[PDB]
Protein chains: 2
Amino acid sequence: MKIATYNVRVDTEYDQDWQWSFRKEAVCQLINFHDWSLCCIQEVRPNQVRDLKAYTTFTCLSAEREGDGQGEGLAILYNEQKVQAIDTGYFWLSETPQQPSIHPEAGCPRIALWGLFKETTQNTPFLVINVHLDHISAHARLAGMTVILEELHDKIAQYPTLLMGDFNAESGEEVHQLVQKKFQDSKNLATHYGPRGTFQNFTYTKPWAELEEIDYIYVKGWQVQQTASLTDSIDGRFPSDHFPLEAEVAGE
Amino acid sequence: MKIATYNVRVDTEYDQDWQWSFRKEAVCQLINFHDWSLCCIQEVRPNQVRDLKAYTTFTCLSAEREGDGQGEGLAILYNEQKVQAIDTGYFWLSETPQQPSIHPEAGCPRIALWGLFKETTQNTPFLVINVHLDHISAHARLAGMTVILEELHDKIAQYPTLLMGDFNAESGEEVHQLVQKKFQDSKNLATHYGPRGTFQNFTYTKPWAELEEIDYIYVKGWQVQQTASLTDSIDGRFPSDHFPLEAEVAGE
């Protein structure tokens with residue numbers, strides 16, 4: 001099974017001539033071309049979610065962080081011919097996960113979006129967790145991931161799990177040590193194609209050694225066949241300020 | 001079925017710090033990652049052929065233009081689990097196709113390399129023709145293609161055929177008019193991902209409008225599902241001065 005995570009960059013006027021309106025075709029065409037079983041998406045306001053539904057071939061599960069359906073959100077895109085969603089949910093990375101709220105350490109509401117899926121050919125379900133941790137501090141990231149791991153503790157224990165997304169943390173941070181108690185970083189498990197880092201800040205000529213390694217695909221209960229960071233471009237620009245990160249996995 | 005053509009750039013000291021020795025891993029890893037059923041390759045000296053066999057996962061059919069096995073050559077890489085070669089051959093694009101020779105109009109010996117293949121699932125064979133036409137003149141290209149179409153006339157008439165490679169010719173040349181009597185350019189038949197052009201001259205920042213469109217995948221007897229020009233890079237350089245060109249096709 002091919003899976004991916006892609007932070008598509010929130011629609012913001014700060015990007016000027018490279019805000020979402022100008023990037024949407026390139027982002028959606030990239031998704032359609034790579035054609036994974038499923039893709040976790042970060043940084044989508046409602047208009048971006050609408051565009052993903054309209055311009056990609058995927059079914060779209062989504063949720064947003066404000067609660068009023070108007071805020072920045074997460075999505076899980078999936079192909080129903082390849083995987084079926086049998087349960088889904090989301091919660092806030094806070095001391096009150098069921099309500100729109102902010103962790104004491106965090107700078108804004110953050111959510112996790114998850115889905116329980118089954119591959120068409122397989123009979124046993126697996127869990128997908130879409131990660132986007134706070135950028136404000138390492139303490140905020142550790143705290144947010146702690147909520148994910150506690151809130152979904154039962155599901156993670158029960159099912160093979162794909163923990164995927166933008167950790168906003170380089171490999172040495174405490175949050176990775178916590179995650180690695182139960183998960184393995186897929187990109188160290190097999191052959192990796194492309195740069196090990198994923199964030200280029202929209203700089204087409206960014207040296208690979210200068211990429212930030214902040215997006216991850218963590219696995220529990222999976223064999224990893226290969227991973228890749230995808231450097232697709234659109235005439236001298238990147239469709240997002242992150243590269244998509246993909247993995248090929250097989251159930252145990 | 002996924003198929004591709006890729007001019008990997010001949011090993012030459014003119015490329016200095018980007019001659020084949022420095023590019024081989026990137027080229028071979030690209031091929032391994034994209035993992036097509038088959039790929040036509042242009043511009044491989046014997047050491048490059050050795051490297052494709054050693055560092056890609058593919059079976060390698062090859063031939064070279066000098067006849068002494070020492071010259072610049074062509075290859076068809078294929079995955080035997082996906083397609084099987086049942087016949088193969090090569091010939092010179094000259095007035096005496098069975099012997100090392102030069103067309104009156106051409107600057108050097110040129111060959112075509114072909115294979116008759118069968119997909120594992122399908123019962124009927126198809127023909128693959130690896131094209132690399134002379135760069136010297138439009139007349140030389142027309143003349144070279146005339147030899148291909150004559151020499152393989154019977155096979156082309158009998159089988160669905162993939163005519164793939166480096167035509168050294170933009171779309172308006174007479175050689176394309178000749179080819180279009182029997183073939184269709186796949187990139188106009190479905191959705192195309194990436195630039196329509198394929199030659200960037202190793203210039204990472206080359207504007208897409210300035211790419212030369214000299215590589216082609218022509219089809220006879222195929223439904224085309226999609227095509228793409230692949231912009232894979234290796235830290236601010238391209239692995240070859242051409243992009244690979246790929247297509248997804250289905251027999252009729």
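Residues numbered from 1 in each chain as written, not as in the entry; some residues may be left out. Chains lettered and ligands numbered in written order. Heavy atoms only, no water.

- This deposited entry lists X-ray crystallography as its structure determination method and 1.600 Å as its resolution.

**Digging into the relation of the copies chain B and chain A**
- Each copy superposes on the other: chain B lies on chain A with an RMSD of 0.0 Å after a rotation of 180 degrees and an axial shift of 0.0 Å. When the rotation and shift are considered jointly, the pair of chain copies conforms to a two-fold rotation axis. Residues of chain B ranked by C-alpha distance from the rotation axis are headed by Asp232 of chain B, positioned 3.3 Å from it.
- A share of 100% of interface residues in chain B that are also interface residues in chain A marks the association as one of identical surfaces. (Least-squares fit on C-alpha atoms. Contact = heavy atoms within 4.5 Å.)

**Looking at empty space enclosed by the protein**
- Taken as a whole and judged by the stated rule, the model has 7 cavities of 30 Å³ or more.
- For the largest cavity, the calculated volume is near 180 Å³.
- Along the walls of the largest cavity sit 18 residues, with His34, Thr231 and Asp232 of chain A together with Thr231 and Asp232 of chain B positioned nearest its centre.
- Of all the secondary-structure elements, those providing two or more residues to the lining of the largest cavity are helix 1 (20-34) of chain A together with helix 1 (20-34) of chain B.
- In terms of residue class, the lining of the largest cavity is built from 6 nonpolar, 10 polar and 2 charged. (1 Å grid on protein atoms, 1.4 Å probe; cavity = no way out; pocket = protein on both sides within 12 Å on 5 of 7 lines; lining within 4 Å. Points joined across faces, edges and corners; volume = space filled by probe spheres on them. Helix = DSSP H or I, 4+ residues; strand = E, 2+ residues; numbered from the N terminus. Nonpolar A, V, L, I, M, F, W, Y, C, P; charged D, E, K, R; others polar.)

**Observations concerning the pattern of salt bridges**
Residue and element names in this part refer to chain A.
- Using the criterion set out here, one finds 17 salt bridges over all chains in the structure.
- A salt bridge links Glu72 to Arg65; the shortest N-O distance between them is 3.8 Å. Assigned by exposure class, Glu72 and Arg65 land together as buried.
- One salt bridge connects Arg141 with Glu173, and the closest N-O pair in it is separated by 2.8 Å. Taken together, the residues span a long stretch of sequence, with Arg141 in helix 3 (residues 138-151) and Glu173 in the loop between strand 8 (161-166) and helix 5 (174-179) at a distance of 32 residues. The exposure classification of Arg141 matches that of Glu173, with both residues buried.
- Among the charged side chains, a network of salt bridges with common partners joins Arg9, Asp15 and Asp241. (Salt bridge = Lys/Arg side-chain N within 4 Å of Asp/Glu carboxyl O. Buried < 20%, exposed > 50% of the residue type's maximum accessible area, 1.4 Å probe, protein only.)

**Considering the pairing of strand 6 (residues 111-119) of chain A**
Residues and elements named next belong to chain A.
- Most of strand 6 sits out of view: 8 of its 9 residues are buried.
- Strand direction decides the pairing type here: strand 6 and strand 7 (residues 126-132), joined by 5 bridges, are antiparallel. When the bridges of strand 7 are listed, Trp114 appears paired with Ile129. (Pairing = 2+ DSSP bridges.)

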